[PDB]
Structure formats: C-alpha cells, structure tokens
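Okay, data.csv is below, CSV, C-alpha atoms and all ligand atoms:
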chain,number,residue,atom,x,y,z
A,1,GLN,CA,2.1,-14.2,11.7
A,2,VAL,CA,4.0,-12.7,8.8
A,3,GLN,CA,6.8,-10.2,9.5
A,4,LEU,CA,8.3,-7.6,7.2
A,5,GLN,CA,11.2,-5.5,8.6
A,6,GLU,CA,12.6,-2.5,6.8
A,7,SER,CA,15.9,-0.8,7.5
A,8,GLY,CA,18.3,1.8,6.1
A,9,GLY,CA,16.6,5.1,6.5
A,10,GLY,CA,18.0,8.3,8.0
A,11,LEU,CA,18.8,11.9,7.5
A,12,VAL,CA,20.4,12.7,4.1
A,13,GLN,CA,21.2,15.8,1.9
A,14,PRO,CA,19.4,16.6,-1.3
A,15,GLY,CA,21.3,14.9,-4.2
A,16,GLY,CA,22.3,12.0,-1.9
A,17,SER,CA,21.8,8.3,-2.2
A,18,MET,CA,20.4,5.7,0.1
A,19,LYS,CA,19.5,2.0,0.0
A,20,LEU,CA,16.6,0.5,2.0
A,21,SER,CA,16.2,-3.1,2.8
A,22,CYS,CA,13.2,-5.2,3.8
A,23,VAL,CA,13.4,-8.8,5.1
A,24,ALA,CA,10.3,-11.1,5.1
A,25,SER,CA,9.3,-14.2,7.0
A,26,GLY,CA,6.2,-16.4,7.4
A,27,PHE,CA,5.1,-16.5,3.8
A,28,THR,CA,6.6,-17.8,0.5
A,29,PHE,CA,8.3,-14.5,-0.4
A,30,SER,CA,9.4,-15.7,-3.9
A,31,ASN,CA,5.8,-16.3,-5.0
A,32,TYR,CA,4.6,-12.7,-4.5
A,33,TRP,CA,5.3,-9.4,-6.0
A,34,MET,CA,6.6,-6.8,-3.6
A,35,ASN,CA,6.0,-3.1,-3.4
A,36,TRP,CA,7.5,0.0,-1.7
A,37,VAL,CA,5.0,2.7,-0.6
A,38,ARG,CA,5.8,5.9,1.2
A,39,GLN,CA,3.8,8.1,3.6
A,40,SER,CA,4.4,11.9,3.9
A,41,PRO,CA,2.4,14.5,5.7
A,42,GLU,CA,1.7,16.6,2.6
A,43,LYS,CA,1.4,13.9,-0.2
A,44,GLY,CA,-0.3,11.2,1.9
A,45,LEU,CA,0.2,7.5,1.0
A,46,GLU,CA,2.1,7.1,-2.3
A,47,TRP,CA,3.0,3.9,-4.2
A,48,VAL,CA,6.6,4.0,-5.3
A,49,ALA,CA,7.6,0.7,-7.1
A,50,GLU,CA,6.7,-2.9,-7.6
A,51,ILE,CA,8.9,-5.9,-8.5
A,52,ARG,CA,7.4,-9.1,-9.9
A,53,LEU,CA,8.6,-12.7,-9.9
A,54,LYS,CA,11.6,-14.6,-11.2
A,55,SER,CA,9.2,-16.1,-13.8
A,56,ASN,CA,8.4,-12.6,-14.9
A,57,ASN,CA,12.2,-11.8,-15.4
A,58,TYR,CA,11.8,-9.7,-12.2
A,59,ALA,CA,9.8,-7.0,-14.2
A,60,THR,CA,9.6,-3.7,-12.3
A,61,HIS,CA,7.4,-0.6,-12.5
A,62,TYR,CA,7.7,2.8,-10.9
A,63,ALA,CA,5.8,5.9,-10.0
A,64,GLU,CA,6.5,8.7,-12.6
A,65,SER,CA,8.1,10.9,-9.8
A,66,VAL,CA,10.9,8.4,-9.0
A,67,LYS,CA,11.6,7.0,-12.5
A,68,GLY,CA,15.3,7.0,-13.4
A,69,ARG,CA,16.2,7.8,-9.7
A,70,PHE,CA,15.0,4.7,-7.8
A,71,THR,CA,15.7,1.0,-8.4
A,72,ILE,CA,13.8,-1.8,-6.8
A,73,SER,CA,15.4,-5.3,-6.6
A,74,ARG,CA,15.0,-8.5,-4.7
A,75,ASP,CA,17.0,-11.5,-3.5
A,76,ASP,CA,14.7,-14.5,-3.1
A,77,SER,CA,17.4,-16.6,-1.4
A,78,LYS,CA,17.5,-14.0,1.4
A,79,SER,CA,13.8,-13.2,1.3
A,80,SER,CA,14.6,-9.6,0.9
A,81,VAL,CA,13.6,-6.6,-1.2
A,82,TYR,CA,15.5,-3.4,-1.7
A,83,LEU,CA,15.1,0.2,-2.8
A,84,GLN,CA,18.1,2.1,-4.1
A,85,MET,CA,17.3,5.8,-4.0
A,86,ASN,CA,19.5,8.2,-6.1
A,87,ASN,CA,19.4,12.0,-6.6
A,88,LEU,CA,17.2,12.4,-3.5
A,89,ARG,CA,14.9,15.5,-3.3
A,90,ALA,CA,13.2,17.1,-0.3
A,91,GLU,CA,10.0,15.6,-1.9
A,92,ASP,CA,11.2,12.1,-1.2
A,93,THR,CA,10.9,12.7,2.6
A,94,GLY,CA,8.6,10.2,4.3
A,95,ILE,CA,8.1,6.9,6.0
A,96,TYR,CA,9.0,4.0,3.6
A,97,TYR,CA,7.1,0.7,3.8
A,98,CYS,CA,7.6,-2.6,2.0
A,99,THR,CA,4.2,-4.3,1.4
A,100,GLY,CA,2.6,-7.1,-0.7
A,101,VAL,CA,0.3,-10.0,-1.0
A,102,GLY,CA,-3.3,-9.9,-2.3
A,103,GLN,CA,-2.3,-7.0,-2.9
A,104,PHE,CA,-1.3,-5.0,0.3
A,107,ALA,CA,-2.1,-7.6,3.1
A,108,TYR,CA,1.3,-7.2,4.8
A,109,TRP,CA,3.2,-4.1,5.7
A,110,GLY,CA,6.5,-3.6,7.5
A,111,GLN,CA,6.8,-1.2,10.4
A,112,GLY,CA,8.5,1.5,8.1
A,113,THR,CA,11.8,3.3,8.0
A,114,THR,CA,12.0,7.1,7.9
A,115,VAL,CA,13.9,8.9,5.2
A,116,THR,CA,14.3,12.7,5.9
A,117,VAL,CA,15.9,14.7,3.1
A,118,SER,CA,16.9,18.3,4.2
A,1008,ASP,CA,-2.8,12.2,-13.3
A,1009,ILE,CA,-5.5,10.1,-11.7
A,1010,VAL,CA,-6.9,11.3,-8.4
A,1011,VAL,CA,-8.6,8.8,-6.1
A,1012,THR,CA,-11.0,10.5,-3.6
A,1013,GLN,CA,-12.3,9.2,-0.2
A,1014,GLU,CA,-14.4,10.8,2.4
A,1015,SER,CA,-12.2,13.0,4.6
A,1016,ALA,CA,-13.9,11.9,7.8
A,1017,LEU,CA,-16.8,9.8,9.0
A,1018,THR,CA,-18.3,9.5,12.5
A,1019,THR,CA,-20.0,6.4,13.8
A,1020,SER,CA,-20.9,4.5,17.0
A,1021,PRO,CA,-20.3,0.9,18.1
A,1022,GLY,CA,-22.7,-1.5,16.5
A,1023,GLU,CA,-23.5,0.7,13.5
A,1024,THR,CA,-23.0,-0.1,9.9
A,1025,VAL,CA,-20.6,2.3,8.2
A,1026,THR,CA,-19.6,2.4,4.5
A,1027,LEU,CA,-16.4,4.2,3.3
A,1028,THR,CA,-16.1,5.0,-0.5
A,1029,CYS,CA,-13.4,5.3,-3.0
A,1030,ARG,CA,-13.9,7.2,-6.3
A,1031,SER,CA,-11.7,7.6,-9.4
A,1032,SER,CA,-11.3,10.7,-11.6
A,1033,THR,CA,-11.1,8.3,-14.6
A,1034,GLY,CA,-14.8,7.2,-14.3
A,1035,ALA,CA,-16.2,4.1,-12.7
A,1036,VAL,CA,-14.3,1.8,-10.5
A,1037,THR,CA,-14.6,-1.8,-11.7
A,1038,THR,CA,-13.2,-5.1,-10.7
A,1039,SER,CA,-10.3,-4.3,-13.2
A,1040,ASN,CA,-9.1,-1.7,-10.6
A,1041,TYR,CA,-8.5,-4.4,-8.0
A,1042,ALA,CA,-9.5,-2.1,-5.1
A,1043,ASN,CA,-7.6,-2.6,-1.9
A,1044,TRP,CA,-8.3,-1.2,1.5
A,1045,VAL,CA,-5.7,-0.7,4.2
A,1046,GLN,CA,-6.0,0.5,7.9
A,1047,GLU,CA,-3.5,2.8,9.7
A,1048,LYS,CA,-3.5,2.9,13.5
A,1049,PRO,CA,-1.0,4.5,15.9
A,1050,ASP,CA,1.8,4.7,15.3
A,1051,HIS,CA,2.0,4.5,11.5
A,1052,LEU,CA,1.0,0.9,11.8
A,1053,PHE,CA,-0.6,-0.5,8.6
A,1054,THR,CA,-2.6,-3.6,7.9
A,1055,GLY,CA,-4.3,-4.7,4.7
A,1056,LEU,CA,-8.0,-5.6,5.0
A,1057,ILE,CA,-9.4,-6.2,1.5
A,1058,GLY,CA,-7.8,-6.8,-1.9
A,1059,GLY,CA,-9.1,-7.8,-5.3
A,1060,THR,CA,-12.2,-5.6,-4.6
A,1061,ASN,CA,-13.8,-7.9,-2.0
A,1062,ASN,CA,-11.3,-10.6,-0.8
A,1063,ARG,CA,-10.7,-10.3,3.0
A,1064,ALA,CA,-7.0,-10.7,3.9
A,1065,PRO,CA,-6.2,-13.7,6.2
A,1066,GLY,CA,-7.1,-13.1,9.8
A,1067,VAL,CA,-9.1,-9.9,9.0
A,1068,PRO,CA,-12.3,-9.8,11.1
A,1069,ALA,CA,-15.6,-10.8,9.5
A,1070,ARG,CA,-17.2,-7.4,10.1
A,1071,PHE,CA,-15.0,-6.0,7.2
A,1072,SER,CA,-16.3,-6.3,3.7
A,1073,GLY,CA,-15.5,-4.8,0.3
A,1074,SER,CA,-17.9,-4.0,-2.5
A,1075,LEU,CA,-18.5,-2.0,-5.7
A,1076,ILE,CA,-21.4,0.4,-5.3
A,1077,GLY,CA,-22.6,3.0,-7.8
A,1078,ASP,CA,-19.2,3.0,-9.7
A,1079,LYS,CA,-17.2,3.5,-6.5
A,1080,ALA,CA,-15.3,0.9,-4.4
A,1081,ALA,CA,-16.5,0.6,-0.9
A,1082,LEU,CA,-15.4,-0.8,2.5
A,1083,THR,CA,-18.2,-1.6,4.9
A,1084,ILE,CA,-17.9,-2.3,8.6
A,1085,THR,CA,-21.0,-4.2,9.7
A,1086,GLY,CA,-21.1,-3.5,13.4
A,1087,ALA,CA,-18.4,-1.0,14.1
A,1088,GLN,CA,-16.2,-1.5,17.2
A,1089,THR,CA,-14.3,1.1,19.2
A,1090,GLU,CA,-10.9,-0.4,18.0
A,1091,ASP,CA,-11.9,0.4,14.4
A,1092,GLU,CA,-11.2,4.1,15.0
A,1093,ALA,CA,-8.4,4.5,12.4
A,1094,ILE,CA,-7.5,6.0,9.0
A,1095,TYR,CA,-8.6,3.9,6.1
A,1096,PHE,CA,-7.0,4.1,2.7
A,1097,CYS,CA,-8.1,2.7,-0.6
A,1098,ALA,CA,-5.8,1.9,-3.5
A,1099,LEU,CA,-6.8,1.4,-7.2
A,1100,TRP,CA,-4.8,-0.3,-10.0
A,1101,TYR,CA,-4.4,1.3,-13.4
A,1102,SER,CA,-2.6,-1.1,-15.8
A,1103,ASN,CA,0.9,-0.9,-14.3
A,1104,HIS,CA,0.6,1.3,-11.2
A,1105,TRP,CA,-1.4,1.9,-8.0
A,1106,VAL,CA,-3.0,5.2,-6.9
A,1107,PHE,CA,-3.8,5.6,-3.3
A,1108,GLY,CA,-6.7,7.7,-2.0
A,1109,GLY,CA,-6.3,10.5,0.6
A,1110,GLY,CA,-7.6,8.4,3.5
A,1111,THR,CA,-10.7,8.6,5.6
A,1112,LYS,CA,-10.5,9.3,9.3
A,1113,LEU,CA,-13.1,7.1,11.0
A,1114,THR,CA,-14.2,8.2,14.5
A,1115,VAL,CA,-16.1,5.7,16.7
A,1116,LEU,CA,-17.9,7.5,19.5
A,1117,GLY,CA,-19.9,6.1,22.5
B,1,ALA,CA,-3.4,-7.8,-13.8
B,2,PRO,CA,-1.7,-6.9,-10.5
B,3,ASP,CA,-0.6,-9.7,-8.1
B,4,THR,CA,-3.8,-11.7,-7.8
B,5,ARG,CA,-2.2,-14.8,-6.2
B,6,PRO,CA,-4.2,-15.5,-2.9
C,1201,LIG,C1,-4.9,-13.4,-10.6
C,1201,LIG,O1,-6.2,-13.2,-11.3
C,1201,LIG,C2,-5.9,-12.3,-12.3
C,1201,LIG,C3,-7.2,-11.7,-12.9
C,1201,LIG,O2,-8.0,-11.1,-11.9
C,1201,LIG,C4,-5.1,-13.1,-13.3
C,1201,LIG,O3,-5.7,-14.2,-13.8
C,1201,LIG,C5,-3.8,-13.4,-12.7
C,1201,LIG,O4,-3.1,-14.2,-13.6
C,1201,LIG,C6,-4.1,-14.3,-11.6
C,1201,LIG,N1,-2.9,-14.7,-11.0
C,1201,LIG,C7,-2.7,-15.9,-10.5
C,1201,LIG,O5,-3.6,-16.8,-10.4
C,1201,LIG,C8,-1.4,-16.1,-9.9
C,1201,LIG,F1,-1.5,-16.4,-8.8
Kindly return the structure encoded in the file as structure tokens.
Amino acid sequence: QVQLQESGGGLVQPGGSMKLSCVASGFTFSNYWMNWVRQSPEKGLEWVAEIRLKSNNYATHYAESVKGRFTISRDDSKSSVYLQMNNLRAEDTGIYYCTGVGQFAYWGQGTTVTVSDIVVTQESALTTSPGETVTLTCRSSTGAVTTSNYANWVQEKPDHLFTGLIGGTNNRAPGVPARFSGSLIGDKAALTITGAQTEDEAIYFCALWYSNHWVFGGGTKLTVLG
Amino acid sequence: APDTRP
C-alpha cells in the first residue's frame, strides 16, 4: 500500500499565500514525476502543476491559470512534494491532491484551501446493473484521442477519495480489479467495466495529455442499480 | 511524453 498525505490547507484571504506539503511512502518517490490536482464544485477536477526528476533538472510545468503565482518543488531526501501558492484568488478554492505514477495511480486524501483551450468531454451520467458491460468515453475538442494523449482514468468515491485505474491508454494500475479495461474506440478514449459490481457506483474522470499539460474531463456519474 | 515509467 502506497500512501500520500497532504497538509497545509486552510482558510485564507484573497492576495494571501500558502504552502502545501505532501509526504509519500511505499514507492520509490524519486523515480516518478509528481503532480498537484485540485477539485472545485464549479470547475471540476483541474490539473495544476507537475515536477519531473532530478535527472530532468527538476523541470516543472503549470496550468496557465496559476503560472507566475504557484511554484511546485520537491525534496527527494524527505520523499515530499510542495506547492507554494502566492496571490491567491477566490478561484483557487478547492481540495488539493498530490498524485502520480503511471500517470495518476496514487492520490493523497486531499487538503482543503478556501479563499474568501481544450475541452475534454465525458458522459454526464450512465446507469447500469450488476453483471452488465458498461463503457465510458472521453472525447477531445482537438480531434481524435490517440495513444499520444496517454489517457488516464481515475475513480472518485465518498468522500473525495480518488484512485487511479488506467494510465497510458490501457495499462491497469497495480491492484486494480481485472474487470476494468482501457481502450481507444472511434477516436475517443474509453473505460470499460466488464461485469459491473455495486461498489463501482462512483464518479469516473478521464485525463488527456497535450505535450506539457493534462486536461481532465468533467466526470461521469455511474449508477449501479439492482 | 508524460511519466511513462511503470
Ligand atoms: C515511457 O514511454 C514513453 C513513450 O510512450 C517514453 O519512451 C518515455 O521515455 C518512457 N519512459 C520511461 O521508460 C521511463 F520510465
């Protein structure tokens, strides 16, 4: 079992600053890029920043909306990643998660920060029954999804608990059940549950890579009835 | 292109 544990959130004023931390265990932290992703009720899941390896001179990339305000950093000797947030706006309100590995297998529990273009489209909702085959899809406004978009699929359950299921289009994350599969189908990425189970009732997000950033979809609510 | 280490 991998663990990621975030800390440092709170209740801050517009214009304020804050630093978030995340400490990792159970995997070789220094061999993997790390990311910060935030969830807000209005804007959904939003990728914020990545930091690469020592051998990449710790290269970083940022969402356009935080560029020049946020700084991501890491300390491999403490297995920790940080996000320094300056000039906070109301818009920055959300739950902040550190996440990485192939490419979003592992997620921390999140830390809440309250301050007071490519579109990726998913089905808003789908309804199935136990034992059915259900396929969720992820389309890009740019055109076709290909293997160069490295489609990831992540599952959210109560309460704001995330786990990665699929990365690199069709690679199952370790310990992910066999009933989950990733594919490319008619120029969309797709997640298939072959024999849905009641516990699969959840929100499913896709993420697509465009050269030096991730764009998350809006999520699909999957209901499993009967 | 992203982190494709397994
Ligand atoms: C991951 O595969 C991608 C292409 O899909 C690139 O070849 C990266 O360099 C690969 N990274 C690694 O093998 C490092 F783990």
Exercise. So which residues touch stretch 2-4 of chain B within 12 Å, counting only C-alpha atoms, skipping near sequence neighbours fewer than 3 positions away, as JSON, numbers by chain?
Worked result: {"A": [31, 32, 33, 34, 35, 50, 51, 52, 53, 56, 60, 61, 99, 100, 101, 102, 103, 104, 107, 1038, 1039, 1040, 1041, 1042, 1043, 1058, 1059, 1060, 1062, 1098, 1099, 1100, 1101, 1102, 1103, 1104, 1105]}
Exercise. If you count all atoms listed in the file, which residues fall within 9 Å of residue A:69, apart from same-chain ones fewer than 2 positions away, as number ranges by chain?
Worked result: A: 65-67, 71, 84-88
Seminar exercise, completed: Shortest contact to ligand LIG 1201 (chain C), candidates A:1049, A:90, A:30, A:1031, atoms counted all atoms listed in the file, goes to A:30
Exercise. Any idea what's packed within 7 Å of residue A:1061, counting all atoms listed in the file, ignoring anything in its chain fewer than 6 positions away? Could you give it as a ChimeraX atom specification?
Worked result: /A:1072-1074
Residues as selected, C-alpha atoms, written as a CSV table (one decimal), keeping the file's coordinate frame, can you do that?
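Everything below was put into out-v8.csv:
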chain,number,residue,atom,x,y,z
A,1072,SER,CA,-16.3,-6.3,3.7
A,1073,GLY,CA,-15.5,-4.8,0.3
A,1074,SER,CA,-17.9,-4.0,-2.5
Exercise. From the set A:1037, A:81, A:1094, A:44, which residue has the shortest atom-to-atom contact distance to ligand LIG 1201 (chain C), counting all atoms listed in the file?
Worked result: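 Nearest candidate to ligand LIG 1201 (chain C) out of A:1037, A:81, A:1094, A:44: A:1037.
The residue set within 9 Å of residue A:38, counting only C-alpha atoms and dropping same-chain residues fewer than 4 places from it, reads residues 44, 45, 46, 47, 48, 92, 93, 94, 95, 96, 97, 98 and 112 of chain A.
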Problem set entry | Residue with smallest distance to chain B - pool A:1064, A:1087, A:1075, A:37, counting all atoms listed in the file | A:1064
For this session: Take atom CA of residue A:1109 and atom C5 of ligand LIG 1201 (chain C) and report the distance between them in Å, one decimal.
Result: 27.5 Å
Could you pull the residues within 7 Å of residue A:1016, counting all atoms listed in the file, minus those fewer than 5 positions along the same chain, as a compact mmCIF listing (two decimals) with C-alpha atoms, in the frame of the given file?
# COMPACT_ATOMS: atom_id res chain seq x y z
CA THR A 1111 -10.70 8.60 5.60
CA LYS A 1112 -10.50 9.30 9.30
CA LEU A 1113 -13.10 7.10 11.00
Exercise. What gap, in Å, lies between atom CA of residue A:109 and atom CA of residue A:41?
Worked result: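 Result for atom CA of residue A:109 versus atom CA of residue A:41: 18.6 Å, one decimal.
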Problem set entry | atom CA of residue A:79 to atom CA of residue A:26, straight-line distance in Å |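 Interatomic distance, atom CA of residue A:26 to atom CA of residue A:79: 10.3 Å.
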For this session: Go through A:82, A:1026, A:28, A:1044 one by one, measure the shortest atom-to-atom distance of each to chain B using all atoms listed in the file, and give the residue with the smallest value.
Result: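 Answer, going by the shortest atom-to-atom distance: A:28.
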Exercise. With distances taken over only C-alpha atoms, which of A:72, A:83, A:63, A:27 is nearest to chain B?
Worked result: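 Nearest to chain B: A:27.
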